[PDB]
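In the block that follows, a single chain appears as C-alpha cells, in the form deposited in one PDB entry.
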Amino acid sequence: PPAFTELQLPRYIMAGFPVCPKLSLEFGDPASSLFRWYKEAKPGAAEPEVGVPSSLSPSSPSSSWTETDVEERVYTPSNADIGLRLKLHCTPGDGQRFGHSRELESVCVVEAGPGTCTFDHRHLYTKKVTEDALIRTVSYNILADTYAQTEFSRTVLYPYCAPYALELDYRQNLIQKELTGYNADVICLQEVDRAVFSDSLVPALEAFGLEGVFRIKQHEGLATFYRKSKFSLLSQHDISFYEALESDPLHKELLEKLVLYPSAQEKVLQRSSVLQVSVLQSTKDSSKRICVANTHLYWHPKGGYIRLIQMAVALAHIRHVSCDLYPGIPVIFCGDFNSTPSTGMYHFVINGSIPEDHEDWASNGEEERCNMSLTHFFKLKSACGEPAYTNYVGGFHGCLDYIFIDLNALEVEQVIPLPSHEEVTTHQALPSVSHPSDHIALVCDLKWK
C-alpha cells in the first residue's frame, strides 16, 4: 500500500517563508499525494493531546484547528498566522487508491519574518518557469553553517550581522524562498552542508520539481539541481582536483610544468577543491545534451596560482567529458571561483591562454612561485558579465562568482539584476536579516544558439 517512510515538518517557520515538508514514499506516485493545511484557531489554542481510551474519543474534530484553503504540499504563512502552530494532513497515493491519511503538527509557532529580502525584487523577474527553449541557470555560494557557526565568522567576518540571522534555521528559510522563487531549471550551489542538502534543499526544491545531486569536499560540498520536466540526468563525472592532477594522464602536461616547482606542487596537491560535472539531457529534444559543471576554488586572497592550476585541471576534465565522452556538447560552468575579473585565472578562462610572466604565478610569495604558460580550447564568456561584486562582506568585496557559458553554443536572453549597492549595504554588509549568504546569487536565462 502507498505509505510515507519519512514525514517531517521544519524546525523553524516564518511568516512569508515556505513551509516545505520532508517526505519519502513507498509503493506510491509523488503526483498522487493529497495535502491539506490547518492552522491553530488562536495563538496557543491547540494543546498537544494525550492518548485516551477509544470509547472516550472526541465526539467532534478539535475546534482548536482551522482548516485553511491550502491543498498544496508547501504552505506559506501570512502575517495573520504569526503565533499559530500548523498542522499538515496528507495522504499517499499510487494513482488507483490511497494509503492511510497522516497528520503532523509543527512544534514551533509561525514567527514574524523580515519585511524585505534582497531577492524580493529579483523574484519579480522570475514569477514563472521559462519556456522549453530557455535554461534558467543559478550559481550561488549559500555560506555553509559549518563555517558560519565559528567564532571567526560570527565576530570577525560578520560582526555586523544580527546573530539570529546567521543561524542555520533562519538562513535556510531565506534560501528556500530565494531558490524556489527563481523558478529555475539548473541550480549550482557551493558551501552546501550535508544536512542542508538532505533536510532543507531537497524538500524545498523537489516540491517545485527539481532533483539534486551532491558532492562532498571536506566539511560541506557542491550541489546541482535540475528541473525534471526539462532535464534528465544522464551521467556524472565528478573529480577532486588534486587526485585528477596526480593520477589522470589528461593533466600530464600540466603536472610536468608543476613538478619543476616542488613547493607550489605540494600546496596544490594538499587542496581539497572538487569539481561537480553532470551531463543532462533535454526532455523536450533528446538531441540536446548539456555538460553542467560546478566548482568552488581555493579561497586565499593570494591563492592566484592555485586557482589557475585548479582551473586548468577543470577545463581539461570538462574537455574530456564534453568532447571525448560526448560529441562536443555545450558547457555551462558555474562556481565560486574566488577570482576577480582582473586576475590571471579570469584572463585564462576568457582568452584561452595565460603567459608565463603573469604576476599570479608568484601570488603567494617567492617560495611557491611556479611561472608557466597555459592554454585551453574553449570559447567561454561570463553569462552575468562582471558585476561590481558577488561577495560583499565587511572586510572585502569583489566579483568572485560566474556562470561561464560556451559562447558559440549558448547565449544570454536575460540577466536577473543583482540588488543595488544601497540595498546591499542596508545592514552594512552581508549576510543580513535580509540576505542569507555573504555571496549574491547569479541568475540568468540562457538559450541554445
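From 1 onward, residues are counted along the sequence shown. In this text, the rigid core denotes the largest set of C-alpha atoms whose superposition between the two forms falls within 1.5 Å.
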Of 103-111 and 185-193, the stretch whose C-alpha atoms average the higher B-factor in the entry: 103-111
Mean Cα B-factor comparison, 39-47 or 418-426, giving the higher one as deposited: 39-47
322, 294, 263, 137, ranked by C-alpha B-factor: the highest one: 263
Deposited CA B-factor, highest of 210, 354, 144, 166: 354
Third of the chain's Cα B-factor distribution that residue 218 belongs to, per the entry: highest
Third of the chain's Cα B-factor distribution that residue 282 belongs to, per the entry: highest
Residue 226 - Cα temperature factor, lowest/middle/highest third of chain: lowest
Within-chain third of residue 243 by Cα B-factor, per the entry: middle
Assigned third (lowest, middle, highest) for the C-alpha B factor of residue 345: lowest
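Not pictured, yet referred to below: the form deposited in another entry.
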Rigid core superposition, residue 102 Cα moves 2 angstroms or more between this form and the one not shown: yes
Post core alignment: residue 356 C-alpha displaced by 2 Å or more between this form and the one not shown: no
Is_shifted residue 388 between this form and the one not shown (CA, 2 Å cut-off, rigid core): no
In that other deposited form, shift in Cα separation for residue 152 relative to residue 307, 3 Å or more: farther
Direction of the Cα shift between residue 268 and residue 151 in that other deposited form, where the change is 3 Å or more: farther
